[PDB]
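J.: Chains as they are written, first to last, in the deposited numbering: chain C, 12 to 160; chain D, 12 to 160; chain A, 12 to 160; chain B, 12 to 160.
Sharing a structure with you now.
There are 4 protein chains.
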Amino acid sequence: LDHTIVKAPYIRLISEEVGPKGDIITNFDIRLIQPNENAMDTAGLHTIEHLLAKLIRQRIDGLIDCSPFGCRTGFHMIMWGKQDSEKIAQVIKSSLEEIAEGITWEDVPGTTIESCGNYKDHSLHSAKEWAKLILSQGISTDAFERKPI
Amino acid sequence: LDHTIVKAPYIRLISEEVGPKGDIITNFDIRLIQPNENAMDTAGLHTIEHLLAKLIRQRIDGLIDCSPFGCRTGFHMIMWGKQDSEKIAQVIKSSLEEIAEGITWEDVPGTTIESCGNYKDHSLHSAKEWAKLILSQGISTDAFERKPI
Amino acid sequence: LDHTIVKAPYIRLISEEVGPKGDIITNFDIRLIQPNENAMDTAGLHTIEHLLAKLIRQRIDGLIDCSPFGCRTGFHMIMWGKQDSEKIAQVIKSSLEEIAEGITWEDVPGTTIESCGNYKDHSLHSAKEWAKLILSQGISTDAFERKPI
Amino acid sequence: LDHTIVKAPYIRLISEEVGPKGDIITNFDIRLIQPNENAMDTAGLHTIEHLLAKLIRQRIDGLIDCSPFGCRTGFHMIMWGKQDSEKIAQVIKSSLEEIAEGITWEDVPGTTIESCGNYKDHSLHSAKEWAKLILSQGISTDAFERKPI
Ligand SMILES: [Zn+2]
Ligand SMILES: [Zn+2]
Ligand SMILES: [Zn+2]
Ligand SMILES: [Zn+2]
Numbered sequence: 012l013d014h015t016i017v018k019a020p021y022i023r024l025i026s027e028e029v030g031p032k033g034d035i036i037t038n039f040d041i042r043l044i045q046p047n048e049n050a051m052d053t054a055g056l057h058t059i060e061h062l063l064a065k066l067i068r069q070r071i072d073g074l075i076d077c078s079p080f081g082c083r084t085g086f087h088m089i090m091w092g093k094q095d096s097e098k099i100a101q102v103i104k105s106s107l108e109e110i111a112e113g114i115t116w117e118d119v120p121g122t123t124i125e126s127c128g129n130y131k132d133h134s135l136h137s138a139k140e141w142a143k144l145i146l147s148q149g150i151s152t153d154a155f156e157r158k159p160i
Numbered sequence: 012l013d014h015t016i017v018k019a020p021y022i023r024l025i026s027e028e029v030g031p032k033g034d035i036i037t038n039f040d041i042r043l044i045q046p047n048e049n050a051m052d053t054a055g056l057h058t059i060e061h062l063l064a065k066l067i068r069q070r071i072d073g074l075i076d077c078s079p080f081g082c083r084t085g086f087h088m089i090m091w092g093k094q095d096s097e098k099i100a101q102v103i104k105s106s107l108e109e110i111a112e113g114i115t116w117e118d119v120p121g122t123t124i125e126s127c128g129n130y131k132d133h134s135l136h137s138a139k140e141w142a143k144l145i146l147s148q149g150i151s152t153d154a155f156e157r158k159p160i
Numbered sequence: 012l013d014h015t016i017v018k019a020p021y022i023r024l025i026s027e028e029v030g031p032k033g034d035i036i037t038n039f040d041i042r043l044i045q046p047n048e049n050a051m052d053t054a055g056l057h058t059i060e061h062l063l064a065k066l067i068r069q070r071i072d073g074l075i076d077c078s079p080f081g082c083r084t085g086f087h088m089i090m091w092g093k094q095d096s097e098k099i100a101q102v103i104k105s106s107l108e109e110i111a112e113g114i115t116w117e118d119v120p121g122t123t124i125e126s127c128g129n130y131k132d133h134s135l136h137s138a139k140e141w142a143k144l145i146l147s148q149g150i151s152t153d154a155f156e157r158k159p160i
Numbered sequence: 012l013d014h015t016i017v018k019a020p021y022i023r024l025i026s027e028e029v030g031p032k033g034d035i036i037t038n039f040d041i042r043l044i045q046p047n048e049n050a051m052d053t054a055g056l057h058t059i060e061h062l063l064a065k066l067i068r069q070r071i072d073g074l075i076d077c078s079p080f081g082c083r084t085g086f087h088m089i090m091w092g093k094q095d096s097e098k099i100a101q102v103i104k105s106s107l108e109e110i111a112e113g114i115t116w117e118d119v120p121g122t123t124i125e126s127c128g129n130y131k132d133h134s135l136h137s138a139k140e141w142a143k144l145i146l147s148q149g150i151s152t153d154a155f156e157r158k159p160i
């Protein structure tokens with residue numbers, strides 16, 4: 012991927028893989044922030060990871076994992092089956108809208124020393140303001156051209 | 012998982028997943044740091060993420076993804092097929108040893124503004140030093156008892 | 012200073028600088044975290060920095076600045092005039108108790124986009140939890156020998 | 012200060028304080044990054060803090076302290092004696108030009124486990140790239156109007 016030509020926020024299919032018995036696994040680039048222009052702080056990124064794990068699964072089947080990028084500009088989404096980015100775009104948009112306006116502290120799973128490996132590094136405040144910032148730019152179903160929604 | 016009773020560094024099989032056509036996937040908790048005692052800085056975590064993606068693929072097949080935890084105490088690793096924590100521990104130990112000694116700056120893939128979403132946030136110094144710190148503690152095949160390899 | 016042999020949390024006087032006309036300025040190392048064993052996440056550190064600035068001024072005059080170390084293990088405190096490392100200890104301890112016990116979000120100053128240069132990177136959750144952790148280890152008045160206030 | 016309308020990078024005199032014997036201390040806002048649009052990662056910020064400490068002293072007298080902002084968009088600079096925002100801008104510009112081109116790993120002070128409280132969290136690569144990015148935008152002598160030197 013040439014990171015200098017994409018336009019975030021976008022949803023991008025990274026790859027599809029076929030297992031031996033023929034199951035398909037799709038990998039998605041969920042870019043929340045424009046590469047090299049900004050990066051999410053660890054606390055909000057961490058809280059958004061916990062929330063997205065929950066919210067996505069309420070909205071769609073087949074989620075294997077949703078882990079953040081080391082570069083902190085988004086999330087790697089792994090799913091069973093072919094998926095297509097417009098459905099994924101709507102799942103992410105809807106989830107972000109819930110984080111922006113709906114989630115309270117008690118809806119954030121795993122914020123104790125027993126259930127999380129860095130439980131101090133959380134921030135609902137950061138997650139809500141990031142979600143709002145990301146939503147205000149529109150979620151595009153294409154990475155190279157703006158196609159919001 | 013009770014993060015208070017584990018002993019890091021460890022490799023722990025999280026789950027095996029069967030897809031619709033019977034294909035097996037395995038998810039691994041690659042725990043490099045004791046939960047809630049410390050956390051990797053973003054720069055070294057990011058460089059390690061890049062190097063692991065390359066080093067793991069050189070040593071084993073069927074890697075689907077290896078993404079850092081939002082808590083910054085390790086990596087979530089996903090593979091095709093049944094795998095068991097013993098061979099994964101070896102692959103991880105061997106990769107960390109190469110980071111610790113062998114690797115130079117030109118061996119780190121994706122450190123340019125075109126190839127990476129946050130290309131400034133890298134540190135080979137950090138990656139090397141973290142690698143050696145983790146190695147010095149030993150990599151266990153069990154999360155609850157020290158069984159180093 | 013040899014960071015390997017200090018015992019944190021501690022307060023340490025670093026130096027007294029004398030002005031051109033004889034005013035004295037004192038520098039303090041406020042070490043909240045054991046060097047190289049851990050480090051505070053940016054959001055907690057940022058929130059604590061906002062709170063400390065206000066809370067310290069409620070308790071003592073002559074504060075010139077209280078800035079976070081680049082290493083994220085504590086704060087640099089600059090004060091007008093000669094000052095006692097023991098009274099500094101009480102002022103910090105008293106401040107941490109309030110963050111731990113009696114601070115709400117509305118009591119954190121400068122948490123808006125107009126008033127702070129990274130207003131999303133805040134966490135009262137992190138600040139409160141770190142303050143509790145620090146207080147429970149005790150604040151020493153000496154860097155090399157546990158002398159808790 | 013209204014952070015929404017400043018135009019970074021800039022140098023801004025925050026305040027002068029007088030001591031009982033008539034000594035002047037000047038405080039500066041060294042804003043390297045546009046508030047709320049981006050933030051320096053900890054490693055780059057940490058390495059720059061170590062370098063700015065020596066580089067500034069080689070160029071001007073009276074430096075009391077140069078500490079990072081908790082918001083990670085710049086540095087707080089404290090000096091003996093009367094200001095000169097234009098002269099301060101020149102020193103900062105000159106120091107950044109040195110970081111971008113003249114500094115090697117061995118030129119960074121405090122990068123061992125004895126001499127630094129988080130010695131793994133350093134990155135010459137990050138410091139150099141940030142220094143280049145900042146210089147490409149120009150250092151203004153006025154926070155509100157671009158007067159780049
Ligand atoms: Zn967590
Ligand atoms: Zn990257
Ligand atoms: Zn702030
Ligand atoms: Zn340092």
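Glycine residues also receive a C-beta, built at the ideal position from the N, C-alpha and C atoms.
In this structure, does DSSP put C:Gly73 in helix, strand or coil?
T.: Your numbering for residue 73 of chain C matches position 62 in the first sequence. Coil at C:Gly73, not helix or strand.
J.: Mind reading off the beta-carbon distance from C:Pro79 to D:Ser78? Whole number of angstroms is fine, and I expect it under 8 Å.
T.: Stepping through the first sequence from its first residue, residue 79 of chain C is reached at position 68. Stepping through the second sequence from its first residue, residue 78 of chain D is reached at position 67. Going by Cβ atoms, the distance from C:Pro79 to D:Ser78 rounds to 7 Å, so yes, they are a contact pair.
J.: Going by alpha carbons, who is nearest to D:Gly92 out of D:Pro159, D:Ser147, D:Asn38, D:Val17?
T.: The residue you call residue 92 of chain D lines up with position 81 of the second sequence. Answer by Cα proximity: D:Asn38.
J.: Counting only Cβ-Cβ distances shorter than 7 Å, please list the residues of the stretch 121–132 of chain A near chain C, keeping chain order.
T.: Cβ proximity to chain C below 7 Å picks out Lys131, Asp132 from the stretch 121–132 of chain A.
J.: Under 7 Å Cβ-Cβ, which residues of chain B neighbour D:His136?
T.: Sequence index remark: in the second sequence, residue 136 of chain D carries index 125 (1-based). Listed along chain B are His133, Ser134, each with a C-beta nearer than 7 Å to that of D:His136.
J.: Shorter than 9 Å from the beta carbon of A:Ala100 to some beta carbon of chain C?
T.: By one-based count along the third sequence, residue 100 of chain A stands at place 89. Chain C, which has no Cβ nearer than 9 Å to the Cβ of A:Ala100, makes this no.
J.: Could you tell me the distance, in whole angstroms, from the CA atom of B:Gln94 to the CA atom of B:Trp141?
T.: Taking the first residue of the fourth sequence as 1, we reach residue 94 of chain B at position 83. Taking the first residue of the fourth sequence as 1, we reach residue 141 of chain B at position 130. Each residue's alpha carbon lies about 26 Å from the other.
J.: Quickly, what does DSSP pair A:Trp91 with across the bridge? List them, please.
T.: To locate residue 91 of chain A, count along the third sequence from 1; it is residue 80. BP columns for A:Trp91 point to A:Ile36.
J.: When burial is assigned at 16 or more other CB atoms within 10 Å of the CB, is B:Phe155 buried or exposed?
T.: As a working note, residue 155 of chain B is residue 144 in the fourth sequence. B:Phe155 comes out exposed.
J.: Using 9 Å as the threshold, is the C-beta distance between A:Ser106 and A:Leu66 below it?
T.: One-based indexing of the third sequence puts residue 106 of chain A at position 95. One-based indexing of the third sequence puts residue 66 of chain A at position 55. Yes; because the gap between Cβ atoms is below 9 Å, this pair is in contact.
J.: Taking one C-beta from the stretch 143–158 of chain A and one from the stretch 22–37 of chain B each time, how about it: are there three or more such pairs within less than 8 Å?
T.: no
J.: With a Cβ-Cβ cutoff of 9 Å, do B:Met90 and B:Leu74 count as a contact?
T.: Stepping through the fourth sequence from its first residue, residue 90 of chain B is reached at position 79. Stepping through the fourth sequence from its first residue, residue 74 of chain B is reached at position 63. Contact: yes.
J.: Closer than 8 Å by beta-carbon distance: list the chain B residues that pair up with C:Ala50, in chain order.
T.: Residue numbering aside, residue 50 of chain C sits at position 39 when the first sequence is read from its first letter. Those within 8 Å of C:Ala50 in chain B are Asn49, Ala50, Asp52.
J.: Cβ closer than 7 Å: which chain C residues qualify as neighbours of A:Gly55?
T.: Translated into the one-based positions of the third sequence, residue 55 of chain A becomes position 44. Here the neighbours are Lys131.
J.: Relative to the C-alpha of C:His14, which residue among C:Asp40, C:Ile160, C:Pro46 is closest?
T.: Here residue 14 of chain C is taken as the residue at index 3 of the first sequence, counted from 1. Looking at C:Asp40, C:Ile160, C:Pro46, the one whose alpha-carbon comes closest to that of C:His14 is C:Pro46.
J.: By the criterion of Cβ-Cβ separation under 9 Å, what are the contact partners of D:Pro79 in chain C?
T.: To locate residue 79 of chain D, count along the second sequence from 1; it is residue 68. The answer, in chain order, is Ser78, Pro79, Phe80, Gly81.
J.: Considering only DSSP beta bridges, list what A:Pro31 is partnered with.
T.: Taking the third sequence and counting its residues from 1, the one referred to as residue 31 of chain A is at position 20. Partner(s): none; A:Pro31 has no beta bridge.
J.: Rounded to the nearest angstrom, what separates A:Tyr130 and C:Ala138 at their Cα positions?
T.: Counting from one through the third sequence, the residue named residue 130 of chain A turns up at place 119. Counting from one through the first sequence, the residue named residue 138 of chain C turns up at place 127. In a straight line, the C-alpha of A:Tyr130 is about 12 Å away from that of C:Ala138.
J.: Taking 9 Å as the threshold (C-beta atoms), are D:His61 and B:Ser134 in contact?
T.: Translated into the one-based positions of the fourth sequence, residue 134 of chain B becomes position 123. Translated into the one-based positions of the second sequence, residue 61 of chain D becomes position 50. No, the pair does not count as a contact, with Cβ atoms beyond the cut-off.
J.: Using a Cβ-Cβ cutoff of less than 7 Å, which residues in the same chain neighbour A:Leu56 once the five nearest sequence positions on both sides are dropped?
T.: Along the third sequence, read from residue 1 onward, the residue named residue 56 of chain A stands at position 45. Within the same chain, Cβ atoms closer than 7 Å to the Cβ of A:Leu56 are found at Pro79, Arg83, the five residues on either side in sequence being excluded.
J.: Could you tell me the boundaries of the alpha helix (DSSP H) in which B:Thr58 lies?
T.: Taking the first residue of the fourth sequence as 1, we reach residue 58 of chain B at position 47. Looking at the DSSP string, the run of the alpha helix (DSSP H) that includes B:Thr58 is 53–68.
J.: Just to check, is the beta-carbon of A:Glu60 closer than 8 Å to a non-hydrogen atom of ligand 3?
T.: On the third sequence, position 49 is the one that residue 60 of chain A refers to. True, at least one ligand heavy atom lies under 8 Å from that Cβ.
J.: Does the beta carbon of C:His57 fall short of 8 Å from some heavy atom of ligand 1?
T.: For this step, residue 57 of chain C is matched to residue 46 along the first sequence. The answer is yes for C:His57.
J.: Less than 9 Å between the C-beta atoms of B:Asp40 and B:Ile16, yes or no?
T.: By 1-based counting over the fourth sequence, the position of residue 40 of chain B is 29. By 1-based counting over the fourth sequence, the position of residue 16 of chain B is 5. Their beta carbons are not under 9 Å apart, which means B:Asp40 does not touch B:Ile16 by this criterion.
J.: If you follow the alpha helix (DSSP H) that D:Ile160 is in, where does it begin and where does it stop?
T.: The count along the second sequence starts at 1 and reaches residue 160 of chain D at position 149. Element bounds for D:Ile160: n/a, residue is neither H nor E.
J.: Could you tell me if the beta carbon of residue 4 of chain B falls within a distance shorter than 8 Å of some heavy atom in ligand 3?
T.: Limits of chain B in this structure are 12 at one end and 160 at the other, which puts residue 4 of chain B out of reach.
J.: Out of D:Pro159, D:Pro20, D:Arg157, which has the shortest C-alpha to C-alpha gap to D:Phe86?
T.: The count along the second sequence starts at 1 and reaches residue 86 of chain D at position 75. Checked all of D:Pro159, D:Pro20, D:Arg157; the closest Cα to D:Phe86 is D:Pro20.
J.: Chain A partners of B:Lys32, CB-CB under 8 Å?
T.: In the fourth sequence, counting from the first residue as 1, residue 32 of chain B sits at position 21. By Cβ distance, chain A contributes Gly30, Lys32, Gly33, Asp34.
J.: Take the Cβ of A:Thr152 as the centre, count every other Cβ of all protein chains shown within 10 Å, and call the residue buried at 16 or more, exposed below.
T.: As a first step, residue 152 of chain A is located in the third sequence; it is residue number 141 there, counting from the start. Within a 10 Å sphere around the beta-carbon of A:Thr152 sit 16 or more other beta-carbons, which makes this residue buried.
J.: Interface residues of chain A around B:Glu60 at Cβ under 9 Å?
T.: In the fourth sequence, the residue the question calls residue 60 of chain B occupies position 49. The answer, in chain order, is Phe80, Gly81, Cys82.
J.: What did DSSP end up calling C:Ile41 once you bin it into helix, strand or coil?
T.: Working through the first sequence from its first residue, we reach residue 41 of chain C at position 30. Strand.
J.: Answer with buried or exposed for A:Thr58, where buried requires no fewer than 16 other C-beta atoms within 10 angstroms of its C-beta.
T.: Along the third sequence, one-based indexing puts residue 58 of chain A at 47. With 16 or more other Cβ atoms from the protein chains shown falling within 10 Å of its own Cβ, A:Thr58 counts as buried.
J.: List, in order along the chain, the chain C residues whose C-beta lies closer than 9 Å to that of D:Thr15?
T.: Residue 15 of chain D sits at position 4 when you count from the first residue of the second sequence. Correct list: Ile124, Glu125.
J.: With distances taken Cα to Cα, identify the nearest neighbour of C:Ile160 among C:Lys143, C:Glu97, C:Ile36, C:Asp132.
T.: Position 149 of the first sequence, counted from the first residue, corresponds to residue 160 of chain C. Closest option to C:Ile160, Cα to Cα, is C:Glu97.
J.: A:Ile103 by DSSP, collapsed to three states: which one?
T.: Position 92 of the third sequence holds residue 103 of chain A. Here A:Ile103 sits in helix by DSSP.
J.: Given C:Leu63, which residues of its chain have a CB within under 7 Å of its CB, disregarding the five upstream and five downstream residues?
T.: Within the first sequence, the letter at position 52 stands for residue 63 of chain C. Closer than 7 Å at Cβ, skipping near neighbours: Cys77, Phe86, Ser106.
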